[PDB]
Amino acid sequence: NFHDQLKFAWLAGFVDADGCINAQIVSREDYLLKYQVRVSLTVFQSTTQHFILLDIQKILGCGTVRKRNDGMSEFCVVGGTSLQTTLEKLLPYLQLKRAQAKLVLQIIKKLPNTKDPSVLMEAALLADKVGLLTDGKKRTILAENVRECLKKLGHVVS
(Lines of atoms letter the chains of each structure in order from A and count residues from 1; the text may use other names and numbers.)
(Lines give C-alpha, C1' and ligand atoms only; values in the text may rest on other atoms or scores of the structure.)
Protein backbone atom coordinates (compact mmCIF):
# COMPACT_ATOMS: atom_id res chain seq x y z
CA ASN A 1 0.00 0.00 0.00
CA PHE A 2 1.98 2.93 1.36
CA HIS A 3 4.91 0.70 0.45
CA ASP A 4 3.68 0.33 -3.14
CA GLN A 5 3.47 4.12 -3.31
CA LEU A 6 7.15 4.55 -2.44
CA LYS A 7 8.14 2.32 -5.40
CA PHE A 8 5.82 4.18 -7.77
CA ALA A 9 7.35 7.45 -6.54
CA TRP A 10 10.86 6.07 -7.06
CA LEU A 11 9.77 4.82 -10.47
CA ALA A 12 8.21 8.12 -11.40
CA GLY A 13 11.48 9.60 -10.20
CA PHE A 14 13.36 7.34 -12.60
CA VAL A 15 11.12 7.80 -15.63
CA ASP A 16 11.34 11.60 -15.21
CA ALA A 17 15.09 11.42 -15.81
CA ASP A 18 15.39 8.46 -18.18
CA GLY A 19 11.87 7.67 -19.31
CA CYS A 20 10.12 8.32 -22.58
CA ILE A 21 6.38 8.82 -22.61
CA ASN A 22 5.62 9.10 -26.30
CA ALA A 23 3.10 9.01 -29.12
CA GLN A 24 4.24 8.32 -32.67
CA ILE A 25 2.44 7.99 -35.96
CA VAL A 26 3.61 4.74 -37.54
CA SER A 27 2.76 3.89 -41.10
CA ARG A 28 1.27 0.43 -41.46
CA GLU A 29 0.51 -0.58 -45.00
CA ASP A 30 -1.91 -3.33 -44.00
CA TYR A 31 -4.11 -0.79 -42.27
CA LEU A 32 -7.27 0.49 -43.99
CA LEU A 33 -6.28 4.08 -43.05
CA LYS A 34 -2.53 3.45 -43.54
CA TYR A 35 -1.61 4.75 -40.06
CA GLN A 36 -1.47 3.71 -36.41
CA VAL A 37 -0.91 6.05 -33.48
CA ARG A 38 1.37 4.22 -31.05
CA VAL A 39 1.42 5.06 -27.36
CA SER A 40 4.38 3.96 -25.20
CA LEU A 41 6.33 4.38 -21.98
CA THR A 42 9.96 3.38 -22.37
CA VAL A 43 12.81 3.41 -19.83
CA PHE A 44 16.46 3.15 -20.84
CA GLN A 45 19.41 1.48 -19.20
CA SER A 46 22.84 0.22 -20.08
CA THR A 47 22.83 -3.56 -20.40
CA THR A 48 25.58 -3.44 -17.71
CA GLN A 49 22.74 -3.05 -15.27
CA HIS A 50 20.05 -4.81 -17.27
CA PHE A 51 18.79 -6.27 -13.99
CA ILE A 52 17.21 -2.96 -13.33
CA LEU A 53 14.87 -3.30 -16.15
CA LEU A 54 13.33 -6.51 -14.86
CA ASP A 55 12.66 -4.82 -11.57
CA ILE A 56 10.41 -2.20 -13.07
CA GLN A 57 8.50 -4.86 -14.94
CA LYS A 58 8.04 -6.62 -11.63
CA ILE A 59 6.85 -3.41 -9.92
CA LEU A 60 4.46 -2.60 -12.79
CA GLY A 61 3.32 -6.10 -13.81
CA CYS A 62 3.45 -5.22 -17.50
CA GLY A 63 6.03 -4.56 -20.19
CA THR A 64 8.70 -5.93 -22.52
CA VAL A 65 12.42 -5.99 -21.67
CA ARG A 66 14.96 -6.32 -24.50
CA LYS A 67 18.68 -5.99 -25.05
CA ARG A 68 19.66 -3.69 -27.86
CA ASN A 69 22.62 -4.54 -30.04
CA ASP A 70 24.50 -1.37 -29.11
CA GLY A 71 24.91 -2.23 -25.41
CA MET A 72 21.70 -0.65 -24.14
CA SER A 73 18.56 -2.24 -22.74
CA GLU A 74 15.00 -0.94 -22.96
CA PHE A 75 11.96 -1.73 -20.88
CA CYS A 76 8.83 -0.81 -22.82
CA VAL A 77 5.06 -0.72 -22.35
CA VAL A 78 3.22 -0.40 -25.64
CA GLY A 79 -0.48 0.16 -26.17
CA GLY A 80 -3.66 1.54 -24.64
CA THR A 81 -5.05 -1.05 -22.23
CA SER A 82 -1.77 -1.74 -20.38
CA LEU A 83 -0.09 1.69 -20.74
CA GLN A 84 -3.11 3.45 -19.36
CA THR A 85 -2.90 1.31 -16.23
CA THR A 86 0.78 2.19 -15.78
CA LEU A 87 0.31 5.95 -16.19
CA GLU A 88 -2.40 6.25 -13.51
CA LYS A 89 0.04 4.65 -11.11
CA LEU A 90 2.80 7.14 -11.97
CA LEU A 91 0.73 10.28 -12.68
CA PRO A 92 0.41 11.58 -9.09
CA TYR A 93 4.22 11.48 -8.75
CA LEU A 94 5.44 12.39 -12.22
CA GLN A 95 6.81 15.94 -12.31
CA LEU A 96 8.83 16.57 -15.45
CA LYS A 97 6.69 14.36 -17.70
CA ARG A 98 3.10 14.68 -16.44
CA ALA A 99 2.19 16.52 -19.66
CA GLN A 100 3.38 13.77 -22.00
CA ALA A 101 1.49 11.41 -19.72
CA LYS A 102 -1.75 13.31 -19.55
CA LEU A 103 -1.87 13.87 -23.31
CA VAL A 104 -1.16 10.18 -24.00
CA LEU A 105 -3.95 9.14 -21.60
CA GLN A 106 -6.41 10.96 -23.81
CA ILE A 107 -4.94 9.46 -26.94
CA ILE A 108 -5.80 6.15 -25.32
CA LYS A 109 -9.31 7.50 -24.85
CA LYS A 110 -9.90 7.48 -28.60
CA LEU A 111 -7.81 4.47 -29.74
CA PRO A 112 -10.74 2.04 -29.51
CA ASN A 113 -12.53 4.27 -32.06
CA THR A 114 -9.69 4.89 -34.55
CA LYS A 115 -11.38 3.11 -37.48
CA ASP A 116 -13.22 6.42 -37.91
CA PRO A 117 -10.91 8.60 -40.12
CA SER A 118 -11.72 11.74 -38.09
CA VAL A 119 -11.19 10.00 -34.76
CA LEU A 120 -7.84 8.76 -36.05
CA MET A 121 -7.28 12.36 -37.08
CA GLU A 122 -7.75 13.93 -33.66
CA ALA A 123 -5.50 11.18 -32.28
CA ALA A 124 -2.67 12.02 -34.68
CA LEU A 125 -2.97 15.77 -33.89
CA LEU A 126 -2.53 14.86 -30.23
CA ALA A 127 0.56 12.81 -31.16
CA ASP A 128 2.19 15.98 -32.47
CA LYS A 129 1.63 17.84 -29.33
CA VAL A 130 3.45 15.13 -27.42
CA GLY A 131 6.26 15.38 -29.88
CA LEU A 132 6.79 19.03 -29.14
CA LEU A 133 7.26 18.21 -25.49
CA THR A 134 10.07 15.89 -26.56
CA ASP A 135 13.66 16.80 -27.42
CA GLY A 136 13.24 14.53 -30.44
CA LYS A 137 14.17 16.77 -33.35
CA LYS A 138 13.64 13.34 -34.90
CA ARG A 139 10.12 13.11 -36.43
CA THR A 140 9.45 12.93 -40.21
CA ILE A 141 5.89 11.75 -39.94
CA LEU A 142 3.28 14.17 -38.74
CA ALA A 143 -0.46 14.60 -38.63
CA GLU A 144 -0.41 16.65 -41.84
CA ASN A 145 0.85 13.47 -43.59
CA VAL A 146 -1.95 11.34 -42.17
CA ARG A 147 -4.63 13.90 -43.02
CA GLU A 148 -4.04 14.33 -46.73
CA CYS A 149 -3.28 10.68 -47.43
CA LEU A 150 -6.59 10.23 -45.63
CA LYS A 151 -8.07 12.71 -48.06
CA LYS A 152 -6.63 10.68 -50.94
CA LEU A 153 -8.37 7.52 -49.68
CA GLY A 154 -11.63 9.33 -50.32
CA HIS A 155 -12.34 9.91 -46.64
CA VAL A 156 -13.59 13.22 -45.29
CA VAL A 157 -11.98 14.47 -42.08
CA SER A 158 -12.20 18.28 -42.32
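Residue numbers here begin at 1 and follow the sequence given.
- Taking the PDB entry as given, 144-152 carries the higher mean Cα B factor of the two stretches 144-152 and 15-23.
- Residue-level inspection of the entry shows that, of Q100, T64, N69, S40, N69 has the top Cα B-factor.
- Residue-level temperature factors show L91 in the lowest third of its chain, judged at the C-alpha atom.
- Compared with the other modelled residues of the chain, the Cα B-factor recorded for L120 ranks in the middle third.
- The entry lists a Cα temperature factor for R28 that places it in the middle third of the chain's modelled residues.
- The PDB entry assigns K109 a C-alpha temperature factor belonging to the middle third of its chain's modelled residues.
- When all modelled residues of the chain are sorted by CA temperature factor, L126 is found within the lowest third.
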